[PDB]
Amino acid sequence: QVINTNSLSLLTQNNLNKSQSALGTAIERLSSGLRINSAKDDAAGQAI
Amino acid sequence: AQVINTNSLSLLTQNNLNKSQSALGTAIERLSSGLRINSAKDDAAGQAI
Amino acid sequence: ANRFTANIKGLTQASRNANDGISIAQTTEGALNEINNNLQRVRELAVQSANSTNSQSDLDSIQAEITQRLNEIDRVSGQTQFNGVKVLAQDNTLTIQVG
Amino acid sequence: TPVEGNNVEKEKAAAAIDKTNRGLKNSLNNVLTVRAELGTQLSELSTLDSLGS
Amino acid sequence: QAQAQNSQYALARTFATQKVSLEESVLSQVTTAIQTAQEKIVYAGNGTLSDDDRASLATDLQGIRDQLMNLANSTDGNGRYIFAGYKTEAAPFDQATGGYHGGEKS
Amino acid sequence: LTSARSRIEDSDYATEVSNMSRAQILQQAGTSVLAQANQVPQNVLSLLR
Amino acid sequence: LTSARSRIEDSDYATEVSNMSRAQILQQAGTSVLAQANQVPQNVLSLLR
Amino acid sequence: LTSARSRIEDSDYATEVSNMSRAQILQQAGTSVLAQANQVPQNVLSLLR
Amino acid sequence: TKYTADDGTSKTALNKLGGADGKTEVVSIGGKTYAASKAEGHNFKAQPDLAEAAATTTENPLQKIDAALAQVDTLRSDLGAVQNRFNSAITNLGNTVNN
């Protein structure tokens, strides 16, 4: 079952997506100098 | 166990950083103002008297 | 593990609440310091006033200065704010959630 | 609901919030219990599948 | 069966460790609280603090006392109260008077 | 007000540096694992014919 | 009365200078140790799998 | 009149020195982060081919 | 002296001589006496809590000032204590989240 065999691969991929998104957010904040780059960071606190 | 995700040790270190941060802030504040009792947070009874 | 996660997130936001409280408290402290200074100067003027040597025009001048101090006091009372909400325009009661 | 200046409504909101927290915690424990039930089935099925082959 | 027994003791050690670590930290906080209380009492000794000054000190001590009350009724990572002994389901100390209601059997 | 805004807004040097490190290391590990997963088929490919 | 007020209010040049020194040294130390802590997980990465 | 014009015109050296330092620090942080950013994503790919 | 009066409308009142000196201008609404500058343009609809004009040389002023000052300092003390409670709570929260 290439899919059993590829279950492997596809699963492994998903995890990379999660890690990569986290890295993107981290570098974004580290570059900008702010925790709140968009209202997607903190919706209510952003308004405040 | 060689854990990746949590890295508990760094988390520990950050606390020790914050405590020192607070100490240095208080020292700079008092040394610049020339007063021990800058805020009312410092000494309530001292404030009043 | 899921319970641990829940408690962790709750506690972090509660810490942020504590910081909200420290912020509002410190703004109030700042305003009250100025109230105190004005009151001290007012006591100084009241001390001056009792001189029987003062002529009535001088007393009127002293009254002018006192009135301006009181105007500033009411300004401080009404107009100070935090986040858009006024703090001292009434006797007020507030609970912060720290747990 | 707006609350500034008015009494009662701030306190009513506070009590509602407290009830909210209690319910959320109890619900959390309940759904975790459901997870435990499902898990109890899951690996038992896996082991019985191996036993079956 | 011997290996499983050893695993059982391993789990027991894990679950004891998690609780004891917490209690240690909380008691450390309690200790620093009591130390600042002692500090304040020394101040009360000064026989030249006028009445309202003594009342200010009293407010400060009230704060320390109710903080200690917070610490006493603390809870674990599940929700149970630690210092209640066997009766983990209820806060052990009365908020008002400090009377104890939890278990006596450790 | 500046202090309060800072608390709401600003990002933590230490925390985000640590998170970036964790993410990079997990990324490397994930890719290497991915290569191994890709090899997994090759075993069954080679043995059979 | 001025003298008494001073005794209650003022700060000590020397004491607070010393406190600032302690806090600064602690801060630099903590930052260095934090860096090493972050490094360790990459050591475990050195497993190369 | 001179005092008034000065209040309107002059730059406050303390505030401007502070601003300059803040901006310089941000510039270094941004440059280093950018350096890491270029490498990490694209580089990690080559490990797979 | 003109103002937004009780009912919600804009009304005017004529001036009168008063004051501890007795030579300053006062104006009255509903039987409460005010000095012109304080009252002028005032929105009495919204701030009925507003000071009146004086009648006499205020005997014993310093006592009154001092009692007010004592209340101020009491409140400042309480705020400081509450701030310290918050700091301790923050410390504890950090420790607990780490654990």
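Read-outs throughout are calculated quantities, based only on the coordinates presented, and are distinct from any laboratory measurement. For neighbour counting, all protein chains shown are included, and Cβ atoms are generated from backbone atoms with ideal geometry for every residue, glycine included.
I need a count of the residues in the stretch I:44-88 that are of a type outside the set (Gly, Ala, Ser) and within 11 Å of chain B (Cβ to nearest Cβ).
Here is the first cut: in the stretch I:44-88, the residues of a type outside the set (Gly, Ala, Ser) are I:44-45, I:47-50, I:52, I:56-66, I:69, I:71-76, I:78-79, I:82-87.
Narrowing further to those that are within 11 Å of chain B (Cβ to nearest Cβ): I:69, I:72-76, I:78-79, I:82-87.
Within the stretch I:44-88, residues that are of a type outside the set (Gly, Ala, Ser) and within 11 Å of chain B (Cβ to nearest Cβ) number 14.
Listed by position, the strands (runs of 3 or more DSSP E) enclosed by the stretch I:1-69 include none that has at least 2 residues that are aromatic (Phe, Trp, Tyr) and closer than 19 Å to C:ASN71 by Cα.
I'd like the residue in the stretch G:1-24 that is among the hydrophobic types (A, V, I, L, M, F, W, C) and under 11 Å from B:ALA27 (Cβ atoms) and, out of all such residues, is farthest from the other protein chains (Cβ to nearest Cβ). Break it down stepwise before answering.
Taking the stretch G:1-24 first, the residues among the hydrophobic types (A, V, I, L, M, F, W, C) are G:1, G:4, G:8, G:14, G:17, G:20, G:23.
Filter once more, keeping what is under 11 Å from B:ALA27 (Cβ atoms): G:17, G:20, G:23.
Working: G:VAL17: 7, G:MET20: 4, G:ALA23: 4 Å.
Once the filter is applied, the top-ranked residue is G:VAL17.
Taken together, the residues in the stretch E:39-79 that are hydroxyl-bearing (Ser, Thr, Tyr) and within 20 Å of the chain's Cα centre (by Cα) amount to 2. For beta carbons closer than 9 Å, sequence separation of 6+ or different chains, a first residue in the stretch D:7-18 that is loosely packed, with under 12 Cβ neighbours inside 10 Å and a second that is assigned to a helix (DSSP H, G or I) and of a type outside the set (S, T, N, Q), there are no qualifying pairs. Scanning the stretch B:1-10 for residues that are more than 7 Å from chain G (Cβ to nearest Cβ) and either crowded, with 17+ Cβ neighbours inside 10 Å or in a helix (DSSP H, G or I) (or both) gives a single hit, B:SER8.
Answer with yes or no whether E:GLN62 is polar (S, T, N, Q), buried (at least 16 other Cβ atoms within 10 Å of the Cβ) and not in a loop (DSSP other than H, G, I, E, B). No: the conditions fail for E:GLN62. Selection of first residues in the stretch D:29-53 that are under 24 Å from C:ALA6 (Cβ atoms) and of second residues that are of a type in the set (S, T, N, Q), restricted to Cβ pairs under 9 Å at least 6 apart or on distinct chains, gives the following pairs, ordered by first then second residue: D:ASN29/E:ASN78; D:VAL31/C:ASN2; D:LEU32/C:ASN2; D:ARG35/C:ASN2.
This table checks each residue for (1) in contact with a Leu (Cβ under 9 Å, 6 or more places away or on another chain); (2) more than 21 Å from I:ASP78 (Cα to Cα).
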position	(1), (2)
C:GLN26	yes, no
C:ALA31	yes, no
C:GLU34	no, no
C:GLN40	yes, no
C:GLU44	no, yes
C:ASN51	no, yes
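Being buried (at least 16 other Cβ atoms within 10 Å of the Cβ) and either more than 20 Å from I:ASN99 (Cα to Cα) or touching a residue at least 60 places away in the same chain (Cβ under 8 Å) (or both) is a property that does not hold for E:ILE34.
So, of the residues in the stretch A:11-31 that are among the small types (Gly, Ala, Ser) and more than 7 Å from chain F (Cβ to nearest Cβ), which turns out to be surrounded by the fewest Cβ atoms within 10 Å (Cβ to Cβ)? Ranking the qualifying residues of the stretch A:11-31, first place goes to A:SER21.
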